[PDB]
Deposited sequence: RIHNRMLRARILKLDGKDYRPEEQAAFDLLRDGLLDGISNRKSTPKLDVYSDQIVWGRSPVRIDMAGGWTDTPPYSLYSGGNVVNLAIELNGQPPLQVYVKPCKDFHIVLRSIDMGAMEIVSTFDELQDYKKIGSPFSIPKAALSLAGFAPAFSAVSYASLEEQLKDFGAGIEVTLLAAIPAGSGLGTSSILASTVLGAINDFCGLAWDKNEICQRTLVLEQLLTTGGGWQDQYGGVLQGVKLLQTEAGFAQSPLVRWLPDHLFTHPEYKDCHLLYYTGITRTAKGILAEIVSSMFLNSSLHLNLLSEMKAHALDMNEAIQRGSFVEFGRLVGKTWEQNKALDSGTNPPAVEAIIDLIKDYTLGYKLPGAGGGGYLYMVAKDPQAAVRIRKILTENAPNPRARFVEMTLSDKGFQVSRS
């Protein structure tokens, strides 16, 4: 659809949007094009805050000048966009601002997606009221596998939706995020944005077809929030930088098995199935388990029910399901006394009961 961005905020106000990251428990890759277009995808994932905060944040502000100012705190970068030719220049070399550019474009600041036709960006945001100033914060080393890219895209889209009064619900935010992924030619799946924007634990399912709008079924969060099991979920930043159809059918069926185990509240089965998801991911691709990750895994595999890397991974973050709190203390001991990198450390993850949230000052 075409959008009509209208300044829905006061001139002395800032829109703050923020989203947790996402850990996929099972079914990942079945959401990734093109296999999702044949059998459909089943993905059990979950929204998590890191160290008690939503990691993916966006500030949107009115700007005195009649242009667009993109800033990045985690990279300390800045860029000025004043024409449609610059805004739609998504892969400007050296610009880490492809995501907010595409998001502003989808919000009606590009000629194709704006319902009202304008001639220049200056006139467009002069009728809009003033310029726009977007400041991003993604305090996560890239290549984490935590859905950072797509969830940050959804966060920018929701911040702009609140900033312009577009009245998008979370589902349409995720759908426009899929459109944005198609704009930047990332070819990415749809698991990440639904895992991050929507609160709690979810099973996501699609049918065959090019239209990939996932059906969402929430799961109880007992195995993640109850004090019996809460301290058994460990997330470890490792300091690492970065015929098949039968296997993907097996991955769909395994996502359904994980859904069953979570419904029934079986913690041991849940951990074993996380381990099986790790085995499936290793079977699918060669570069899933770099040698440093396996070196870490060998130190603590005897105290876990299962483990995996979030998303594509390739290193960085490692999710582990300890057998019990005593085993969790043992794992923290081992990985603190045998750090595979000086930057390796544990990250406290909590289930997000909020998902994407947005407020004003």
(request) Report the unmodelled segments of the deposited sequence as residue ranges counted from 1. (result) 1-40, 283-300
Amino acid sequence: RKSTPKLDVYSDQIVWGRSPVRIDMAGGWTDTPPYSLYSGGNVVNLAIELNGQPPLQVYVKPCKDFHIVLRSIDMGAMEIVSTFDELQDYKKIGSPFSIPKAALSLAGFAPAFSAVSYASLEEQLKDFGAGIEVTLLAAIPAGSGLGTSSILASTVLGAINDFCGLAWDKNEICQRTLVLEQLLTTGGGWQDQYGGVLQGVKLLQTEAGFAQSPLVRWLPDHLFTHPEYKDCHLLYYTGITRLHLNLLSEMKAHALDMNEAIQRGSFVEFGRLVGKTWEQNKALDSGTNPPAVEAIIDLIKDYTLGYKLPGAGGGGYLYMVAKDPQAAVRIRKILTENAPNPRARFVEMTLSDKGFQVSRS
From here on, numbers count along this sequence of modelled residues.
(message) I need to verify one thing: averaged over C-alpha atoms only, is the B-factor higher for 73-81 or for 221-229?
(response) 73-81
(request) Averaging the C-alpha B factors as listed in the entry, name the stretch that ends up higher: 349-357 or 12-20. (result) 12-20
(message) Highest Cα temperature factor in the entry, among the options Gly145, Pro111, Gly271, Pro214: which one is it?
(response) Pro111
(message) Just the C-alpha B-factor column, please: which of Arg264, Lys252, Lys276, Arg242 has the biggest number?
(response) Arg242
(message) Can you tell me whether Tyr319 has a C-alpha B-factor in the lowest, middle or highest third compared with the other modelled residues of the same chain?
(response) lowest
(request) Check where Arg176 lands among this chain's C-alpha B-factors and tell me if it's the lowest, middle or highest third. (result) middle
(request) State the tercile, meaning the lowest, middle or highest third, of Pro325 with respect to the CA B-factors recorded for its chain. (result) highest
(message) Split into thirds by Cα B-factor across the chain's modelled residues, where does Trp29 land: lowest, middle or highest?
(response) lowest
(message) Among the modelled residues of this chain, does the Cα B factor of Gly187 put it in the lowest, middle or highest third?
(response) highest
